[PDB]
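Single-structure report; data block below.
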Amino acid sequence: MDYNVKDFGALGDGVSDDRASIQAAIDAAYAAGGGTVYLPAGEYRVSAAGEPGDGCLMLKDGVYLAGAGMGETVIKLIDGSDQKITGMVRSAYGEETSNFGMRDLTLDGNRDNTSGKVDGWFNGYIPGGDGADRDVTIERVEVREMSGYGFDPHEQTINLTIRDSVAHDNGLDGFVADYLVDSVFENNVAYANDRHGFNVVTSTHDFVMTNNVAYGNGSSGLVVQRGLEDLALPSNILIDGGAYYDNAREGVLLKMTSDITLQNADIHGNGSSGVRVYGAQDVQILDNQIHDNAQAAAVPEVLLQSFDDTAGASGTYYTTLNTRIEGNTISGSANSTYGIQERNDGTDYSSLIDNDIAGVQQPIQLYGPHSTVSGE
Ligand SMILES: [Ca+2]
Ligand SMILES: [Ca+2]
Ligand SMILES: [Ca+2]
């Protein structure tokens, strides 16, 4: 069944710690076998619910949080908080939670008046363990001011859906896709984040990102990477549509990964390259709008190169191979060295087909003994 948090003591006066109250309603709904815990408009302050892994509010199978809409319902940490909080709203560790989520609300990590690494949303089973959370759903949710991550769906979630949401002004990445499977990010916006807008890491595969926008972030707009550990490379991922622009680093970074498809996206005004492939295999850059990047350095619009990790976790030398770059409209900025460029670092088997390279110190520059062009 469904409930109203104020029916459990929750005031929402921007001062009173409404944690236990809210959590009660969640428990009630959990007991009833499911349900939508509601919170009317207003500001609900919450304190840490113990240790970092306990977060603030906890969700269990069949429970969802709903508010008066973004900007209307706001769950804000209490001025003065000071401890690592791995998820202001989360699912239990080691507990395979299914059927839960939230919609139409704003989580404010309130980092200006607090200390400790606070992440907005966190869910998952066991990092490095067998099992996962399932069928999660976040909709029209805003996560801002966290000192850490904005949205942190963690290892491992299956069939996750984050749509029409906004992460901004957080300490790290706006949205993280840490080991997600058969999931979807759709029509989301990450901006003003201290690092990446979108960070796809730790073995994520069969994942689709449709119409997402990342701009004004501290590092790259969207990044797909292996991760600090020698885990499986994220793979078979689709980035369809959207725009990644005016970010400090690249628009899109693909580091140590494979079977990635970037298409129909608008990539501009980024500090470094628009799209940078860093030691990835079978990546496809199709029909994208890559223009006016390299705002902070003399780099190419599209950069292809290999990643040496022979001295890192893997001891492997990631060679970028089989990169298909087709039907793109590449246009440079004053500082754009090339439209497309390979580093002579072993990168091979690049396929340049039907590209409109314009306004750059030079269109194409290939090195691999097998890299080819077909009409340009
Ligand atoms: Ca769980
Ligand atoms: Ca580990
Ligand atoms: Ca700020």
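Neighbour counts run over all protein chains shown; Cβ positions are idealised from the backbone, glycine included. Values quoted throughout were computed directly from the atomic coordinates according to the rules given, and no laboratory measurement underlies them.
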Exercise for review: Kindly identify segment 35-132 as rounded, prolate or oblate by the Cα gyration tensor criterion: order the square roots of the eigenvalues as a ≥ b ≥ c, call it rounded if a/c is under 1.5, otherwise compare a/b with b/c, prolate if a/b is larger, else oblate.
Suggested key: oblate
Point to revise | Selection from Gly12, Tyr38, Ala280 lying farthest towards where the dipole of the chain points positive, charges on Cβ | key: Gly12
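How large is the charge dipole for the chain, taken about the Cα centre, if only the Cβ atoms of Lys, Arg (+1) and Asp, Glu (-1) carry charge, to the nearest 20 debye?
Here the size comes out at about 380 debye.
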Review point. By DSSP, what percent of the beta bridges with both residues in the chain are antiparallel, rounded to the nearest 5?
Key: 0 percent
**Study point:** Peptides 230-241, 297-308 ordered by average Cβ neighbours within 10 Å, highest first
**Key:** 297-308, 230-241
Study note, to complete from the structure: PRE zone check, label point 7 Å out along Cα-to-Cβ of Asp287, amide N under 13 Å, scope segment 230-251, hits 240-242
Check your understanding: Given a Förster radius of 30 Å and the C-beta distance between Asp79 and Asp54 as r, what FRET efficiency does 1/(1 + (r/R0)^6) yield to the nearest 0.05?
Key -> 0.90
Review point. By the gyration tensor of its Cα atoms, with a ≥ b ≥ c the square roots of the eigenvalues, what is the shape of the chain: rounded for a/c under 1.5, prolate for a/b over b/c, or oblate?
Key: prolate
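Using only alpha-carbon positions, what ratio does the radius of gyration of segment 80-203 give when scaled by 2.2 N^0.38 Å?
Its radius of gyration relative to the 2.2 N^0.38 Å reference: 0.96.
Starting from the Cα gyration tensor of segment 206-279, take the square roots of the eigenvalues, sort them a ≥ b ≥ c, and report rounded, prolate or oblate (rounded when a/c is under 1.5, otherwise prolate if a/b is larger than b/c, else oblate). Show your work: numbers first, answer last.
On the way: a/c = 2.12, a/b = 1.34, b/c = 1.59.
Cα axes put segment 206-279 in the oblate bin.
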**Study point:** Convex hull volume per residue for segment 1-80, taking Cα atoms only, in Å³
**Key:** 85 Å³
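How high is the FRET efficiency between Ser16 and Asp182 when r is their beta carbon distance and R₀ equals 35 Å, given to the nearest 0.05? Don't jump to the answer; show the numbers that get you there.
Details: r = 40 Å, r/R0 = 1.16.
Efficiency, from the Cβ-Cβ distance: 0.30.
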Point to revise | Average Cα contact separation per residue, the chain, under 8 Å, 6 or more apart, as relative contact order % | key: 7 percent
**Study point:** segment 12-24 - phi-based ³J(HN,Hα) in whole Hz, Karplus 6.51/-1.76/1.60, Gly and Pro as x
**Key:** x, 9, x, 9, 4, 5, 8, 5, 3, 4, 4, 4, 4
Check your understanding: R0 = 41 Å: FRET efficiency of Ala41 with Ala334, Cβ-based, nearest 0.05?
Key -> 0.25
Exercise for review: Identify, among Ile353, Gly116, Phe175, the residue whose Cα sits farthest towards the positive end of the charge dipole of the chain, taking +1 on the Cβ of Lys and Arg and -1 on the Cβ of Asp and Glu, with the dipole about the Cα centre.
Suggested key: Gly116
Review point. Given H placed 1.01 Å from N in the peptide plane, which residues other than close sequence neighbours of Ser333 have an amide H under 5 Å from its amide H?
Key: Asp292, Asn293
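Given only helices, namely DSSP H runs of n ≥ 4 each adding -39500 (n - 2.57), what is the per-residue ellipticity at 222 nm of the chain, to the nearest 500 deg cm²/dmol?
Working: 1 runs with 13 residues, N = 376.
One gets -1000 deg cm²/dmol as the mean residue ellipticity at 222 nm.
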Check your understanding: If you place +1 on the Cβ of every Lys and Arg, -1 on the Cβ of every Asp and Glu, and leave all else neutral, what size is the dipole of segment 136-264 about its Cα centre, to the nearest 20 Debye?
Key -> 220 debye
Exercise for review: Would you list, by chain and number, the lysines whose Cα falls below 24 Å from the Cα of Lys84, excluding same-chain residues fewer than 8 positions away?
Suggested key: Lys60, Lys76, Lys117
